[PDB]
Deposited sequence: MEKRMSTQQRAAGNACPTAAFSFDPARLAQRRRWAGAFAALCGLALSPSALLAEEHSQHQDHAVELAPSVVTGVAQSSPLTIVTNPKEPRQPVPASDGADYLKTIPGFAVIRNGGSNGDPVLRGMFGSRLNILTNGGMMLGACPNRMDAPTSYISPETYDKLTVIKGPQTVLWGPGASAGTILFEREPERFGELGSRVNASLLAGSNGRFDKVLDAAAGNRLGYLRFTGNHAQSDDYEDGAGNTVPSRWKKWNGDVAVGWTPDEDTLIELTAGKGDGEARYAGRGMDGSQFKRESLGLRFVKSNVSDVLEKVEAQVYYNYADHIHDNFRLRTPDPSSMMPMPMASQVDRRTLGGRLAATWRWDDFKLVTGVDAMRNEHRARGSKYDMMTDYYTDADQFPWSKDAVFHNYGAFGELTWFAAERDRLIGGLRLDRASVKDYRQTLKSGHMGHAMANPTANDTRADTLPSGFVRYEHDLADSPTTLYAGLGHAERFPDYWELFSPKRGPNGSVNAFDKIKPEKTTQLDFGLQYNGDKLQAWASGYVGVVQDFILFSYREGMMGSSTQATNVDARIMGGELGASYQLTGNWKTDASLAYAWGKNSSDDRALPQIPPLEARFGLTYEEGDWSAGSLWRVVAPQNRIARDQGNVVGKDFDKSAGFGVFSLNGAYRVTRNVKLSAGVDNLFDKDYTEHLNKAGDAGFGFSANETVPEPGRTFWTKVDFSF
């Protein structure tokens, strides 16, 4: 029961990873959800600056990941994804993090072709009047300071919960001694009110808000505001009849209000195409809901239900009267709506427990998706007509999967193989952000097709006594993979969205071995591969082969760890192609990074941990990081470097 620092998370059951995000993590995360995914093999992160990275799973970017918080969807507003869904999540304020790899669930929404990520808080369990406090403080290099408070009180009949955090860092340094533009601040406060009139009934109301700022080495602008407001209502009814085990009902409202500019966290670049102050303000308003029934009987479990979603995007921008040298801020103009999305779906998942060592799971959903272009004009001696103003388009998209899981007779082994098909309607960035659509189209909104993935997943679990191992591989094809291509034109850079066909394959594996009662070791490996077979070319933005080796010594109340991370070169690139955020340009160099950690339980209630990240102060960058901005002194296509040696200390309280 000795405390330790988390450097990797294993796969605990076929395709699924479950972890407590309150444990200290050894490459210390920045209070965002992308960094908490770095310890799960198969995840990589596009670095923008000090925080708010964009998560990449098995080489898949963006909405191919379905990222939920308490069952709801929080979508960002930045047309350049400065505020990806994970940038609104502070994972320490949650209780559980679940990842399901591959298109192997239908219960949580449309289009999760790459995987599903679920951040959860679990309702209190008070049986008598009482209270609960969890908290933590973290301090480290470069002004890093974090506070987290999670308190609740209640009784058999109901409860009140408050969770909040405040977190910040100054600019960090790379391993060559340069200050990287990358300071950030984040804070959140949320309340939950729970009513439990009896054991079979839970009704819970939630409301919360947060804000932040972030300096972006890899952008022409910084994020000076990331406002979030959230409202939720969920209802669980248990043991309704002998076969109706559970009924779930949930609605959520999430509002993002984002500002980026070139003068609040930097000064305007004199040699850029924005030498004058400029700010843009955008928001995203999201309303959605879910209703699901769970039936159990004989050797069968059936989960059935429907879900719905609507979201809306608006924007307004500042103006700079050159002649009088006068600046009118963006909040002096009306909001201007530009897009509305809708989705309605019906879904079901049946499970058969054949005998005791055999499981068969099948799932299906049908989705009705639609979008409307509300842009009355476009940008380009200022504006131009939008040829699809007020147009609508829609599609209906079936998805499903089958999965077989067999447990061996002799060893504690599970084998599994699964077939999944997933169809995803294009998202805001794929339709509204490209400057051009496919050749011969009027724009991207009018022509980009839905993306259709067919994938075979397979793997094994070995749950031995000294040895714990797992592996998970996948082969698939993507029809109408949505791809970005980049051109110069001496107008800045400009993008084109196209549909192409693709092959993908890869996998993750890992093991941990209890050497002695004190000594444990573990390792992991992750590989992704992709081909643009429409163009006989590699897919862009695929992270290279990556390995982790850990060693831990634990002894009563304390433990000590060492971690090695070793990353291969990525020589498979597609220059000037990528997504809405990034593009390939050069092959990447391989590297190794080394870290140490320790932990110590002082009392039942107080536990301590500390680490040194990147002990040897290695100067390195990752394949997927953004190119640095010229106005900060970055040449060429020099990508943002990773941090050099950093120290941190954490104390966890629990009462």
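**Student:** What gaps appear when the modelled C-alpha atoms are mapped onto the deposited sequence?
**Tutor:** Those parts of the chain that were deposited but carry no coordinates are 1 to 65, 446 to 448.
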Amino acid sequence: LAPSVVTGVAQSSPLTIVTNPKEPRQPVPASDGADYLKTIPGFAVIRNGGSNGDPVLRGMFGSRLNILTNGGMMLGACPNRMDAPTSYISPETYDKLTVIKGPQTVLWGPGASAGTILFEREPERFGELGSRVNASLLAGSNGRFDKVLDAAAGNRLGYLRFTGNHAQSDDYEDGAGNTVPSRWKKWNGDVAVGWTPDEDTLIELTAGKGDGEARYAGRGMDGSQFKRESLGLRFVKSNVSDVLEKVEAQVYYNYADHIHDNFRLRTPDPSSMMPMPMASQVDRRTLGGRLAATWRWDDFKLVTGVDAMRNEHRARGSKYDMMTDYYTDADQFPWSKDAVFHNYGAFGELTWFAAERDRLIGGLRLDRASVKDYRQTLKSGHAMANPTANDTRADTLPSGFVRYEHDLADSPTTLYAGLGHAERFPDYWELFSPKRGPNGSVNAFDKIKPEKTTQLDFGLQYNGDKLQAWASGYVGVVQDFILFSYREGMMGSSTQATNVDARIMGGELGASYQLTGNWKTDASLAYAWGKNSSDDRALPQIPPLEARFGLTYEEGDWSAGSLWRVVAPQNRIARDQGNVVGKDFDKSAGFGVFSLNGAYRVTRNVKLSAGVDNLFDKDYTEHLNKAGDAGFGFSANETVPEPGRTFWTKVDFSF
From here on, numbers count along this sequence of modelled residues.
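**Student:** Mean CA temperature factor from the deposited coordinates, higher in 566 to 574 or in 124 to 132?
**Tutor:** Comparing 124 to 132 with 566 to 574, the higher mean C-alpha B-factor belongs to 124 to 132.
**Student:** According to the deposited model, is the average Cα temperature factor higher in 237 to 245 or in 163 to 171?
**Tutor:** Higher of the two, by average CA B-factor, is 237 to 245.
**Student:** Which is it among 515, 117, 431, 84: the one with the largest CA B-factor in the entry?
**Tutor:** Top of the list by C-alpha B-factor: 515.
**Student:** Tell me which of 445, 333, 184, 187 tops the list for C-alpha B factor in the record.
**Tutor:** That would be 333, according to the entry.
**Student:** Splitting the chain's C-alpha B-factors into thirds, which one does residue 482 fall into?
**Tutor:** As the PDB entry reports it, the C-alpha B-factor of residue 482 lands in the lowest third of its chain.
**Student:** Place residue 12 in the lowest, middle or highest third of its chain's C-alpha B-factors, as listed in the PDB entry.
**Tutor:** For residue 12, the deposited C-alpha B-factor lands in the highest third.
**Student:** Within this chain, which third does the Cα B-factor at residue 262 fall in: lowest, middle or highest?
**Tutor:** Answer is middle: the recorded C-alpha B-factor places it there.
**Student:** Where does residue 602 sit by CA temperature factor within its chain: lowest, middle or highest third?
**Tutor:** Ranked within chain, residue 602 CA B lands in the highest tercile.
**Student:** Check where residue 643 lands among this chain's C-alpha B-factors and tell me if it's the lowest, middle or highest third.
**Tutor:** Lowest third.
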